[PDB]
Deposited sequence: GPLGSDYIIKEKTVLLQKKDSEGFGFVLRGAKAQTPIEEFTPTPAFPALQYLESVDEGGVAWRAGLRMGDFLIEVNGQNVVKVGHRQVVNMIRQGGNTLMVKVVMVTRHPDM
């Protein structure tokens, strides 16, 4: 609008179940910190394997990670989030947000 940006924020919470011999099918990457609509979390999905577990559940490149297995990760560093995901083994429940104009 004439007074500032307009955009849509879409929240997605998904349950990922994978087999032992595969990954969840995404690459996590990290971008004193206050979340903003243009920068809602420290970790985001740099890529998502088309047809992989995460893709089939509805996760997409560019999604920002808000929660992992009931723990908020908005302000959590990359290595700690990786450990939280691995702690769940073949199960990952994650909330993400995707921002678009």
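A.B. asks: What residue ranges of the deposited sequence are absent from the coordinates?
C.D. replies: No C-alpha coordinates exist for 32-38, 109-112.
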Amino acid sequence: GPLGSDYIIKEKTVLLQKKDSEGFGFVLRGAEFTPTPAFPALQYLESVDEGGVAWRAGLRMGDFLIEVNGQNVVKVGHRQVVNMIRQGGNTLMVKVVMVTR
From here on, numbers count along this sequence of modelled residues.
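Under this definition, the rigid core comprises the largest set of C-alpha atoms superposing within 1.5 Å between the forms.
A.B. asks: Which stretch is more displaced from the shown form in 5 other deposited structures of this protein, 55-63 or 33-41, with RMS over structures and residues of Cα positions after a rigid core fit?
C.D. replies: Greater root mean square C-alpha distance in 5 other deposited structures of this protein: 33-41.
A.B. asks: After a rigid core fit, does 89-97 or 6-14 show more C-alpha displacement in 5 other deposited structures of this protein?
C.D. replies: Comparing 6-14 with 89-97, the one that moves more in 5 other deposited structures of this protein is 6-14.
A.B. asks: Give the stretch, out of 38-46 and 55-63, with the larger mean C-alpha temperature factor in the deposited entry.
C.D. replies: Averaging CA B-factors over each stretch, the winner is 38-46.
A.B. asks: Mind pulling up the entry and telling me whether 4-12 or 91-99 has the higher mean Cα temperature factor?
C.D. replies: Higher mean C-alpha B-factor: 4-12.
A.B. asks: Place residue 31 in the lowest, middle or highest third of its chain's C-alpha B-factors, as listed in the PDB entry.
C.D. replies: For residue 31, whose C-alpha B-factor we compare with every modelled residue in the chain, the answer is the highest third.
A.B. asks: When the deposited Cα B-factors of this chain's modelled residues are ordered and cut into thirds, is residue 77 in the lowest, the middle or the highest one?
C.D. replies: Top third by C-alpha B-factor.
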